[PDB]
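# Geometric and topological summary
Chain by chain, the residues run as shown.
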Number of protein chains: 2
Amino acid sequence: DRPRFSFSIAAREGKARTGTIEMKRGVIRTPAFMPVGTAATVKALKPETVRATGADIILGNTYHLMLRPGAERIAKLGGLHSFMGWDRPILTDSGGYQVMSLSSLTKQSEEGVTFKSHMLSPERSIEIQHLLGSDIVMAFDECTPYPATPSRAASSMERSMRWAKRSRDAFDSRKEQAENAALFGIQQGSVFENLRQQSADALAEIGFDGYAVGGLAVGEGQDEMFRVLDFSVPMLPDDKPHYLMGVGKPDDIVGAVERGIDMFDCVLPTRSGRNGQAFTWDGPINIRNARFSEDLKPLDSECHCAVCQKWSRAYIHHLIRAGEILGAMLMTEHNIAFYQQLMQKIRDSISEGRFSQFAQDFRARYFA
Amino acid sequence: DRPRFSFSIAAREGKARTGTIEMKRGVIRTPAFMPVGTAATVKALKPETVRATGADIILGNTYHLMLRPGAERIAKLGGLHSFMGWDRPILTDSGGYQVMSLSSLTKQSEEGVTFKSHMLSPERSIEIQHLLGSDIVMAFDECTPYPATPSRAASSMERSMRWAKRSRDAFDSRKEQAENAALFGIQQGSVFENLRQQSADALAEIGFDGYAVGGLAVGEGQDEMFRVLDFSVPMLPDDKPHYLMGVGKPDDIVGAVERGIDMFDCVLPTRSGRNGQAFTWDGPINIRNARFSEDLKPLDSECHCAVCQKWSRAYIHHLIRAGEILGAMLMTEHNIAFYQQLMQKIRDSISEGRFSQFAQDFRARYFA
Ligand SMILES: O=c1[nH]cnc2cc3nc(NCc4cccs4)[nH]c3cc12
Ligand SMILES: O=c1[nH]cnc2cc3nc(NCc4cccs4)[nH]c3cc12
Ligand SMILES: [Zn+2]
Ligand SMILES: [Zn+2]
């Protein structure tokens, strides 16, 4: 039987790593991309389809779920896995990020955040994630807005570290959760090296199963994000997974792996898929464009997904233009599959010591 | 290799029949329910899922398709079957019914109907259905509104019979179509027995592969519809399929089979599914109802569909309330599967000479 949590690194190249996270509900191949489940569903996909794309784990947003059906109700119904029909690992977010993003009349304090649906404390967040039956639980933090002054970034980071300790204690106080789930801490500090160091030190002292880099992908742009990752990731414990929250575009993922990131999530493949954007190895295309109206080729010429085996650009163009549900289904399946194929190529190239070459080849073609 | 068209009756009970239609693209078990494909998709379902429910044939609406992408474009892309990924038979409607329903500034004449997208003649309709690559082609007719005076019903029916002859000639003039597809005529005459007789006589004189009962399910109600079917269906050639257009609710289907109907279509399982209505053997339920919020039972206790094997009422309730695409997917798959299971029970009971008993048992439970 698999352990609660075991991260093993099988191969390395520079700062990049490939390996596995073993958990009770399954094995996660790293670097990993986690499709996002909002409101207990990866939009427009049955869980079996999500698995068919290659996903080992999904991210469950807790924000909508804690509102409806409610964490308690989901617990009564047997937990999130049973509820939505996904039996593999689920990483849940804390709910606090989207509270700041989607709620109104929010009021912050040292205790937590109070909000009106469109009080969430570290303790309540951990409890909600428990009630959902989360496999990987995120500490409740505060994502510092960008740009931030050094003073405000420091104050925000310091609060987040206090909340990280509270998250740790709440998690540990619940026997069933502590024995069956894992807990990740989140590094803050904006773009400031000294604050990032203090945050990493605080998190490592508390001790977590994995470490996220927070406070990025919030408007700073790729150059600045990469610059911050350059010094921030080496501050985290090497022997634990590194999770870059909310990232991202294919090129962002490749660059982040080059800098030591092991885990990713974003709504981009799902959300932009329903909007008409399809990822290809020659860069993204918008299937709504009239140039695809009679194009019999698949979305991507090399993609192994079921959509590219069966349907043409012309048909998917028609579906998206017509507002048909099947359009969203096909675009989303392809995009998630593309992301998983990207992760597989990344893992294989690191394992073979040719990831640097892959990154170069990928960029040359993707941006040709 | 299968013939262009062969209808064989394997068993009978009263006016009810069960058998098969053999065509080049596949065999159709009768009595048959045809899921409706609007804009080249059965809403929220991949074709493989439509087939998995038990469907042998789908109905392709031509109205939206002749507007976008256009019949000519679909022909250039290889035809409707290739376009949407359904390789089994497709019955196409003439496009005229929805022109009267969905278009504005329509102008009728003996030549056909002129309309503004939100001239369609018998010849153009048959050509469009050819360009789509239809297996069963519907004659272009006029659905007389209800109620209709005897004079207006007569004039409308007479025009429809003239259009039926024009449809026949257009179909026969095109070698590829005449050799590979079938053509159905449509009986009109409103609720009037003498006009129904004249219409049946006219259609039989022209000669068709199958005969539809038109002009019903247009507001008359079940009692009146059944009364008209009582005298109308026996007027049609016994050795050819009988198709009741636009029907319908499960009880309507059962009663229509009792009166000699072999083929059905309606948007009810697809459309009402997305709205929240789920069919069960104990009658329809609306999954949005709060009473289902914590109900762990499947949509129906006996249903063999994949949805009822995997997901609870509680989950589907949540999805539909949240406006999630997966909600529409699951509801539609179940409803279409329910309809196919109904047709299977009908076919089996006729084959076993116990259909009368089945109809009684069905109604007693469905309306309990
Ligand atoms: O520090 C963080 N803490 C907890 N959750 C996060 C989620 C995050 N998502 C993004 N970027 C993606 C976006 C989602 C919505 C606006 S930007 N950056 C993120 C940072 C954090
Ligand atoms: O005589 C007909 N001719 C050609 N198409 C039809 C389609 C039909 N669909 C219904 N009823 C279902 C409805 C669809 C829209 C409003 S009622 N009745 C129908 C009658 C006809
Ligand atoms: Zn693909
Ligand atoms: Zn079912």
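Residues numbered from 1 in each chain as written, not as in the entry; some residues may be left out. Chains lettered and ligands numbered in written order. Heavy atoms only, no water. Residues with missing side-chain atoms left out of burial classes, pairs and counts.

Looking at the method and resolution fields of the entry, one finds X-ray crystallography and 1.410 Å.

## Side note on the packing of aromatic side chains
Residues and elements named next belong to chain A. Summed over all chains, the structure comprises 28 aromatic pairs over all chains. Summarising the aromatic geometry, the rings of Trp281 and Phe338 are spaced 4.4 Å apart at their centres and angled 45° between planes, so their arrangement reads as tilted. Here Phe338 lies in helix 15 (residues 325–351) and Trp281 lies in the loop between strand 15 (277–278) and strand 16 (285–286), a separation of 57 residues in the sequence. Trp281 sits in the buried class, given a relative accessible area of 6%. On the accessibility criterion, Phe338 (0% relative accessible area) is buried. An aromatic cluster of three or more residues is present, and its members are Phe33, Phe279, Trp281, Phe338, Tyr339, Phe355, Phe358, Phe362, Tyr366 and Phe367. (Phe/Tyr/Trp six-rings, centres within 6.5 Å; stacked < 30°, edge-to-face > 60°. Helix = DSSP H or I, 4+ residues; strand = E, 2+ residues; numbered from the N terminus. Buried < 20%, exposed > 50% of the residue type's maximum accessible area, 1.4 Å probe, protein only.)

## Re the pattern of salt bridges
Residue and element names in this part refer to chain A. Using the criterion set out here, one finds 54 salt bridges over all chains in the structure. Between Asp135 and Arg25 there is a salt bridge; the shortest N-O distance is 2.7 Å. The shortest N-O distance in the salt bridge between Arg259 and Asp230 comes to 2.8 Å. Placement of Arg259 in the loop between helix 11 (250–258) and strand 14 (263–265) and of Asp230 in helix 10 (residues 222–232) is noted, with a sequence separation of 29 residues between them. For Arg259, a relative accessible area of 18% corresponds to the buried category. Overlapping salt bridges bring together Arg12, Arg17, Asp238 and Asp262 as one network. (Salt bridge = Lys/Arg side-chain N within 4 Å of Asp/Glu carboxyl O.)

## Concerning the coordination of the zinc ion (ligand 3)
Residues and elements named next belong to chain A. Within the protein, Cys303 (SG), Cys305 (SG), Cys308 (SG) and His334 (ND1) serve as the donor atoms for the zinc ion (ligand 3), at 2.1 to 2.3 Å. Considering all 4 donor atoms around the zinc ion (ligand 3), the spread of angles at the metal, 101 to 116°, places the coordination shape in the tetrahedral class. When the donor residues of the zinc ion (ligand 3) are listed from N- to C-terminus, their spacing reads C-x1-C-x2-C-x25-H. Of this pair, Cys308 sits in helix 13 (residues 306–310) while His334 sits in helix 15, and the two are 26 residues apart along the sequence. (Donors = N, O, S within 2.8 Å, 3.2 Å for Na, K, Ca; no water. Tetrahedral: all angles 85-135°; square planar, octahedral: opposite > 155°, others 65-115°.)

## Digging into the interface of chain B and chain A
Each partner contributes to the interface: chain B provides 36 residues, whereas chain A provides 36 residues. By residue number, the principal contributor to the side of chain B that touches chain A is helix 15 (residues 325–351) of chain B, which donates 6 residues. A per-class count over the side of chain B that touches chain A returns 20 nonpolar, 5 polar and 11 charged. (Contact = heavy atoms within 4.5 Å. Nonpolar A, V, L, I, M, F, W, Y, C, P; charged D, E, K, R; others polar.)

## Brief notes about the relation of the copies chain B and chain A
Each of the two copies of the chain can be brought onto the other by a rotation about an axis and a shift along it. With an RMSD of 0.0 Å, the fit of chain B onto chain A corresponds to turning through 180° and sliding 0.0 Å along the axis. In symmetry terms, the pair is related by a two-fold rotation axis. Looking at the rotation axis and the C-alpha trace of chain B, the residue lying nearest is B:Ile325, at 3.6 Å. Taken together, the interface assignments show that 100% of the residues at the interface of chain B recur at the interface of chain A, consistent with an identical surface on both copies. (Least-squares fit on C-alpha atoms.)

## Here's the deal with the site of ligand 2
Residues and elements named next belong to chain B. Every residue close to ligand 2 is listed here: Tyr97, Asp141, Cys143, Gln188, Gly214, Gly215, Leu216, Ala217, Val218, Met245 and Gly246. In the environment of ligand 2, a nitrogen atom lies 2.8 Å from a nitrogen or oxygen atom belonging to the side chain of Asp141. Contact with the protein chains covers 70% of the free accessible surface of ligand 2, which is 460 Å². More than half of the atoms belonging to ligand 2 lie within 2 Å of the grid points that define the second largest pocket. Considering only residue class, the shell around ligand 2 consists of 6 nonpolar, 4 polar and 1 charged. (Near = heavy atom within 4 Å. Polar contact = N/O pair within 3.5 Å; in protein donor to acceptor, adjacent residues only side chain to side chain. Areas by Shrake-Rupley, 256 points an atom, 1.4 Å probe, with all protein chains shown as cover. 1 Å grid on protein atoms, 1.4 Å probe; cavity = no way out; pocket = protein on both sides within 12 Å on 5 of 7 lines; lining within 4 Å. Sits in = over half its atoms within 2 Å of the grid points.)

## So, the environment of B:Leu319
Following the sequence through the fold, B:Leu319 ends up in helix 14 (residues 313–321). Judged by relative accessible area, which is 0%, B:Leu319 ranks as buried. C-alpha separation for the pair B:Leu319 and B:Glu127, spaced 192 residues apart in sequence, amounts to 42 Å. Other than its neighbours up to four places away in sequence, B:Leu319 contacts A:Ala39, A:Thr41, B:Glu324, B:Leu326, B:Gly327 and B:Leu330.

## Things to note about the pairing of strand 1 (residues 6–13) of chain B
All names here are of chain B. Looking at chain direction, strand 1 and strand 2 (residues 16–23) are connected through 7 bridges and run antiparallel. When the sheet's bridge partners are listed, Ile9 is paired in strand 2 with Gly19. As consecutive antiparallel partners, strand 1 and strand 2 are separated by 2 residues, and within that stretch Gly14 has a phi angle of approximately 60°, a positive value. (Pairing = 2+ DSSP bridges.)

## Comments concerning the coordination of the zinc ion (ligand 4)
Residues and elements named next belong to chain B. Surrounding the zinc ion (ligand 4) are the protein donor atoms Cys303 (SG), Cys305 (SG), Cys308 (SG) and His334 (ND1), at 2.1 to 2.3 Å. For the zinc ion (ligand 4), the 4 donor atoms in the first shell make angles of 101 to 116° at the metal, a pattern classed as tetrahedral. Along the chain, the residues donating to the zinc ion (ligand 4) fall in the pattern C-x1-C-x2-C-x25-H. Judged by its relative accessible area of 6%, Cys305 is buried.

## Quick notes on the site of ligand 1
Residue and element names in this part refer to chain A. For ligand 1, the full set of nearby residues is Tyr97, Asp141, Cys143, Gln188, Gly214, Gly215, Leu216, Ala217, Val218, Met245 and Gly246. Alone, ligand 1 offers 470 Å² of accessible surface; in the complex the protein occludes 71% of this. Its residues placed into classes, the shell around ligand 1 shows 6 nonpolar, 4 polar and 1 charged.

## A look at the layout of surface pockets
All names here are of chain B. Its volume calculated, the second largest pocket comes out at about 720 Å³. In terms of lining residues, the second largest pocket is bounded by 33 residues, among which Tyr97, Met245, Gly246, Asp265 and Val267 are the most central. Its residues assigned to classes, the lining of the second largest pocket comprises 16 nonpolar, 11 polar and 6 charged. (Points joined across faces, edges and corners; volume = space filled by probe spheres on them.)

## Points about the side chain of A:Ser232
Mapped onto the secondary structure, A:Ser232 falls in helix 10. Beyond its immediate chain neighbours, meaning those up to four positions away, A:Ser232 contacts A:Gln187 and A:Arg196.

## Structural notes on the sheet that holds strand 10 (residues 136–138) of chain B
Strand pairing within a sheet occurs via backbone hydrogen bonds; the two strands may be parallel or antiparallel. All names here are of chain B. If you trace the 9 strands from one edge of the open sheet to the other, you get 4-14-13-12-11-10-7-6-5, paired in parallel fashion. The outermost strands of the open sheet, each flanked by one partner alone, are strand 4 (32–34) and strand 5 (36–37). Where strand 6 (residues 58–60) lies against strand 7 (residues 90–92), 3 bridges are found, and the strand directions are parallel. From the neighbouring strand, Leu59 faces strand 7, where its bridge partner is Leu91. On top of the sheet, helix 6 (residues 122–132) reaches strand 7, strand 10 and strand 11 (182–187); it is set at about 160° to strand 10, its chief contact. (Axes fitted to C-alpha atoms, helices over the stretch in contact; angles between N-to-C directions.)

## As for the UniProt feature "binding site: Zn(2+)" in chain A
Residues and elements named next belong to chain A. As annotated in UniProt, the feature "binding site: Zn(2+)" corresponds to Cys303, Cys305, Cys308 and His334 in the numbering used here. For the annotated residues, spread through 32 residues, the largest C-alpha to C-alpha distance comes to 8.2 Å, consistent with a single compact locus. Looking at the element boundaries, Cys305 is found in the loop between strand 16 and helix 13. For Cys305, the residues in contact, after removing those within four places along its chain, are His334, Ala337 and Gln341. Taking the relative accessible area as the measure of exposure, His334 reaches 0% and is therefore buried. Ignoring any residue separated from it by four or fewer positions in sequence, one finds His334 in contact with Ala278, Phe279, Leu299, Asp300, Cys303, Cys305, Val307 and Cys308. (UniProt positions renumbered as here; feature names shortened; annotations may be inferred.)

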